[PDB]
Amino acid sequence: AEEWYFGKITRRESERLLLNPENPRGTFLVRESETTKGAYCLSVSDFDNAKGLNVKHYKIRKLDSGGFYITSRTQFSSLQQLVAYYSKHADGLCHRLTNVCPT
């Protein structure tokens, strides 16, 4: 569902975009991995009371068969299904996916 997929942007630009102080906790985007070619990344804003704003990066791996997973426990047939699942369930992530990242 497009909006949350920022394609080939870098960890550093995703962090520029996510560290925007206006963004609520759980604001996210999906991008391609720089380090692991053929893999994706789920980038999500978070907050620590003492330290403030920070970004968690989760590698989305792709099986040869076609599926996607952050943890092999929960596999998905598409990235849109992975985003819809973690919007409702944190299930291992730092926080549930709330906002789509701006611009």
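Quick note: we count residues from 1 along the sequence shown, nothing fancier. We call the rigid core whatever largest set of C-alpha positions still superposes within 1.5 Å between the two forms.
Which of 58-66 and 27-35 strays further in 7 other deposited structures of this protein - Cα RMS after rigid core alignment = Between 58-66 and 27-35, the one lying farther away in 7 other deposited structures of this protein is 58-66.
request  = Higher average CA B factor in the deposited record is what I'm after, so tell me if that's 81-89 or 5-13.
outcome  = Comparing 81-89 with 5-13, the higher average CA B-factor belongs to 5-13.
ask   = Can you tell me which stretch has the higher mean Cα B-factor, 32-40 or 47-55?
value = Of 32-40 and 47-55, the stretch with the higher C-alpha B-factor average is 32-40.
query = According to the PDB entry, is the CA B factor of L97 in the bottom, middle or top third of its chain, that is, lowest, middle or highest?
reply = Lowest third of the chain for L97's C-alpha B-factor.
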